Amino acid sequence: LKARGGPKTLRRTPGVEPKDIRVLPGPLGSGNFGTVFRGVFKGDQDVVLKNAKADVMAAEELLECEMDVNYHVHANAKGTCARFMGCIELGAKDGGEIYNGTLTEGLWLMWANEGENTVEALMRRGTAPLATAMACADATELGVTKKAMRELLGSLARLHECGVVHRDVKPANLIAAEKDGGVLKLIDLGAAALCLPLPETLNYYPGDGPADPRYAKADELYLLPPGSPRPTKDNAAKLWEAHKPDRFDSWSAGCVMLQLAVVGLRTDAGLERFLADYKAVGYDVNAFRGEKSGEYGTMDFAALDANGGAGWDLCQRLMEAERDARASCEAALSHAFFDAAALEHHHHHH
């Protein structure tokens, strides 16, 4: 006798058919376990498409987790991240060729194209183009830092509230969404963890990595430190309070703040130099100011200096050496840095 075989099963999102997706050749970035392409959906919708790298161990599992977290965020934290449009799974015979503009065999994720420029690209062109893209009236380092950080910290607080730690916060993963007033949206949940049993934790484990070493604290490349009881439904809440994995994002947000606030820190080399001196003085912002800032004559810390050094203090809060001392993104939101000035806008007010 012979084995009967049977049909293939393919994952799909209602209203999203592969025939309606044209993929544009040319990856949008090196990528972690996946590759991102521009596409056009139904002839006139600009989208971004991601599949797994064939050469990376368990990339399909990582893409599945990214998919799961994206569904979670879509349901619980709308507007924090790029709009998630679902998945499309293609088989072998129906799989196409990127050069022919068709989706290849395997699982794909799709999002709205939120804009052609990241905060990293904009900030490096200058504060002016960054402010314009952000629709930020105060086109100064202080102005863009206030507006961007309010948006970023607000979104991170909302993500943390539904149990999601992004784990890859940085200017490169922020887009000023021109179709939503220039508001910042996060992209790339490929490293994100769901840290509460809602209903099951995802991508949540003890140990280092993944982490962008530019934006993760050098001796804190983990969400959970190794050894600690692996995350289960039982201990999830306890681990959250004890190990504070969300504070991983706090540190990264502090890095975002430094780069927004200080032009000279917008290069990898600039931020690296600062963080090295910061560490050297015991992660003490005032000690940096007292001992080191004098060696930064090519830079301008005015945005951090302003209003009694409010920005410096917010940086200190977000970038405390110890997680037990480090501000949550939610707490960081109520900081004086975000206060309206006395009588602000008085000259035009009704």
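Just count from 1 along the sequence shown to find any residue number.
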Hey, which bit's got the bigger mean C-alpha B factor in the entry, 180-188 or 89-97? 89-97
Between 203-211 and 155-163 (mean CA B-factor, as deposited), the higher: 203-211
Entry record, C-alpha B-factors for 34, 39, 308, 297; the maximum is at 297
Among 133, 224, 75, 148, the highest C-alpha B-factor in the PDB entry belongs to 224
By its CA B factor, does residue 64 count among the lowest, middle or highest third of the modelled residues in the chain? lowest
CA B-factor placement of residue 170, once the chain's modelled residues are sorted into thirds: lowest
Among the modelled residues of its chain, the C-alpha B-factor of residue 241 falls in the third labelled highest
How does residue 197 rank on Cα B-factor within its chain, lowest, middle or highest third? highest
Where does the C-alpha B-factor of residue 228 rank in its chain, lowest, middle or highest third? highest
